[PDB]
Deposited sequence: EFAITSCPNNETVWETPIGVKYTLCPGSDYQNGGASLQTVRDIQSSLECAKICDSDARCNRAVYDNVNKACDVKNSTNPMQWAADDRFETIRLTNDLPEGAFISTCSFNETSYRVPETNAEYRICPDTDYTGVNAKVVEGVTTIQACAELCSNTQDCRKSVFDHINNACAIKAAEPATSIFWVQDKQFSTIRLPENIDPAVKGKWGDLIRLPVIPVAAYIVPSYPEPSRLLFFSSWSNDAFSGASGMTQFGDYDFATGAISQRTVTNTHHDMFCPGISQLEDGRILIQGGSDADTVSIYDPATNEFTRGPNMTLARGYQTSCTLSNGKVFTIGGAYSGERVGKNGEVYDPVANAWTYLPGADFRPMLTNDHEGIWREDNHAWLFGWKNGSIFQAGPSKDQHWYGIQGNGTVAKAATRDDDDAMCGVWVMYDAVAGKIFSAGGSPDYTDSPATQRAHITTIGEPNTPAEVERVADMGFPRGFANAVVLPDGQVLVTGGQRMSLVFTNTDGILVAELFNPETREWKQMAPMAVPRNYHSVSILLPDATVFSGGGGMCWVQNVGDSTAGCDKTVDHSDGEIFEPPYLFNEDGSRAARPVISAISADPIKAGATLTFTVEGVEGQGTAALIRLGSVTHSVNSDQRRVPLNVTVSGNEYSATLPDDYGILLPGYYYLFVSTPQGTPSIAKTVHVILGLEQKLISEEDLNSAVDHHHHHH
C-alpha cells in the first residue's frame, strides 16, 4: 500500500497528508524511489515554473543545493518570496527555501564553488535553468543507480562491439577492510541498461586497491590489493574468474602495464602487504609465472609524501613501450625507463615538474609519436592542494632521454581526477577536487575539461551532477561517450562489521555518461555517425580519419590499459606502439563525428 502524492512523493491517507505537510516528518502513526540524502541530476518529483512580477525560474520540491551560500536570509516564509529574492540578487542562478526554518539561501557562484543537488524533504530548490549548447559543451545524462560503488571498472571485450562494463568495490558494495576471500561486483549492459551484482569468492581475492592489466587474449589480470599476494584472471569468453600465480611480493595501490611481448610489469604497491618500497616484477601469461626483478628498483620512482613510504611507490604512470621497455611518466617529479632484462634496469628519462603529482591524470593520446598527456594530482596522497600544471611528454626510443613541455594550466586544480583519450585524441578530464582529501565531496570539480593536444589549449565542458574524487573512475564507452562514476567507500576494521557509523553522503554507488561536443551538430541535434559493416578475426600487427583505442581498466586515477593508436585510412609495425589486446575501431567524419566502435583483437607475432 503506497500513497503517491500528486507532486510524485510516496509514503508507505489521513495522517499521511498530515505528514506530507510537515517538512520534518519521515514517520507517523516516507519511501521515495531514492533515499533522503541521495544526490540527483534531475528533479525526482513534478517541478513548477515561476515568473517574477517584472518578466523565469524552475522549482524542484523536497531537494537541497549543498555548498557555500552568497547569502542566507531568515525573513522568508514562502518559495515564491525566496524566488523573488534570487531575481533581486546579482549573479543568483540557484537558491534554496528551507520549509522548517523559513530561510532562503542564495547559492554562491559556479564554477568558483561546486554546488550539489540532494533529495531532502526539509527544502525546495529554485534555479535559472542554464542554456547549455551541446555543440560547444557536450551533454550529461542522468544518474544510473548501481548495486556496488564502482571503485574499479573495465570494458568486457566482445564482438562486434563490447556491450558490458564490470566494476567492483571490496568485500562489501560500499565498504572495505583488509583481506577477505571475496569482492562485490556489478555488471552493466549499456545496450539494454541491464545491471546485476555478484560476490566473487572462488579466487579467494578481495580485489580492492589492485593492479589491472588486459593481457593479449583480452583476459584482465587483477593483482593484489586487500588480498595483497592473490592474483585473479577474468576470462571474457566464460565471464568466470581464475586464480593466477601469487605475485612474488604482496602489493596494493601499485600500477601494472602489459608490455610489447604480452608480459605484465608491476612496480611499487606499499599500501598492502609489507609497508616498504616494492621493487618491480613481471607476469608471463605463457609460463604462467611471476618473476621478481630486484634491479627494477623502486627507489628512483619514490615520491616524497608527508605519510611516508606507505604512499610514495603508489599509482606509478606506467606504459609498455618498444622491445619490452616500460616508461614511468610519474607521479614522481622525475621520469624513468624500467626494463625486465637480466634482474631489472631503471634509468632517469627526464624531469617533468618541480613537485610530485600523486593521482594526477595521465594518458598516451598519440602512440605513433609517443605523446603522453599528464595533468593535476598533488604533492601528497592526501591533505594536499592539487596542481593545475599539465605536460605533454614525448617518448622516442627506450632508454634515451624524453621530452617534457609544460602546456597550459587546467582551469581547476584536481586531485583524484580521471582521464580518457577520445577518437580525435582530445583528452577528457572528469572530476577530482581542489585539495586531495580521501573520502570527501569537498570542492569536487563538476566541470569536465577537454585538452586539445593539436592546439595545447583547454575548453570547459558541461558540468556533471556528482563529485568524482577518491575511489571514482572514468572510462571510454564503445559509442564514444565517457562513463564517470563511483566515489567514497567506508573503512570498517573487520569483514561483516556494520556500516551504520559511515558517512554515506561521500558514497556514490552510481554513474553518469557524457556525450562530447563531437556527437552534436551546431543546432544541438545528434550528428549523423559513420557506421561499419569488419572481419571478427584476430588480426596481427603490421597487417592491413580513423583511430584504434585499447579497452580501458581503471581504479585510483590509474588507466594503464588505455592507448590511442591513430591511423592512415594499415596497422603499425611496432607492438610497443600497438600494444597487443582488444581495441575500438573509431571511423569518424572529417567534421569530427565518430562511429559505434567495432572491437579489433590485435595479437602478437
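Next on the checklist: Which parts of the deposited sequence lack C-alpha coordinates in this model? Number from residue 1, please.
Outcome noted: Missing C-alpha atoms (numbering from 1) occur across the ranges 1 to 11, 24 to 46, 64 to 92, 119 to 120, 599, 611 to 622, 648 to 656, 693 to 714.
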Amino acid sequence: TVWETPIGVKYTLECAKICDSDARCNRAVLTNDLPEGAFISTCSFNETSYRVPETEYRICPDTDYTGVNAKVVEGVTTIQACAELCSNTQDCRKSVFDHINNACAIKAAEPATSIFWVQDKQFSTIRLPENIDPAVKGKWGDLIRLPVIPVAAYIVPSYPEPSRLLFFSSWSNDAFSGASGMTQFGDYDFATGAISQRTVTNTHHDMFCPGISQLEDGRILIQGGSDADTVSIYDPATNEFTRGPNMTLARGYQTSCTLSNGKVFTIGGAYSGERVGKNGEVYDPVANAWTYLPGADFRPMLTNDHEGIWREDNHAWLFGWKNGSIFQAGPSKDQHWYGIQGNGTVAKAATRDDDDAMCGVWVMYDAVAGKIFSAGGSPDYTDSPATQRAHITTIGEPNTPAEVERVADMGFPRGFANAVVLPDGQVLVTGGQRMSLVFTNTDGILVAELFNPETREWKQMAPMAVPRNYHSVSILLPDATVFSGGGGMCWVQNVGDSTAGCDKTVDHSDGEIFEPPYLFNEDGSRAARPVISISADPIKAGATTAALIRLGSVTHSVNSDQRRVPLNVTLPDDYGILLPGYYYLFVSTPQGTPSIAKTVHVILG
From here on, numbers count along this sequence of modelled residues.
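Item to check | Mean Cα B-factor comparison, 185 to 193 or 205 to 213, giving the higher one as deposited | outcome: According to the entry, 185 to 193 carries the higher average C-alpha B-factor.
Checklist entry - Between 76 to 84 and 504 to 512, which has the larger average Cα B-factor in the PDB entry? => result If you average the C-alpha B-factors of 76 to 84 and of 504 to 512, the larger mean comes out for 76 to 84.
Checklist entry - Hey, out of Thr66, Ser560, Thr555, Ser49, whose CA B-factor is highest in the deposited coordinates? => result When the deposited C-alpha B-factors of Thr66, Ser560, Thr555, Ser49 are compared, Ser49 is largest.
Checklist entry - Highest Cα B-factor in the deposition, which of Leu249, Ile267, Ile392, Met301? => result Of the options given, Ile392 has the highest CA B-factor in the PDB entry.
Item to check | Chain-relative CA temperature factor third for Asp91 | outcome: It belongs to the highest third of the chain when residues are ordered by C-alpha B-factor.
Item to check | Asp354, C-alpha B-factor rank within chain (lowest, middle or highest third) | outcome: CA B-factor rank for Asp354: middle third.
Item to check | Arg406 CA temperature factor, ranked by third within the chain | outcome: Answer is middle: the recorded C-alpha B-factor places it there.
Item to check | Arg414 CA temperature factor, ranked by third within the chain | outcome: According to the entry, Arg414 has a C-alpha B-factor in the chain's lowest third.
Item to check | B-factor third for the C-alpha atom of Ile532 within its chain | outcome: Highest third, going by the recorded CA B-factors of the chain.
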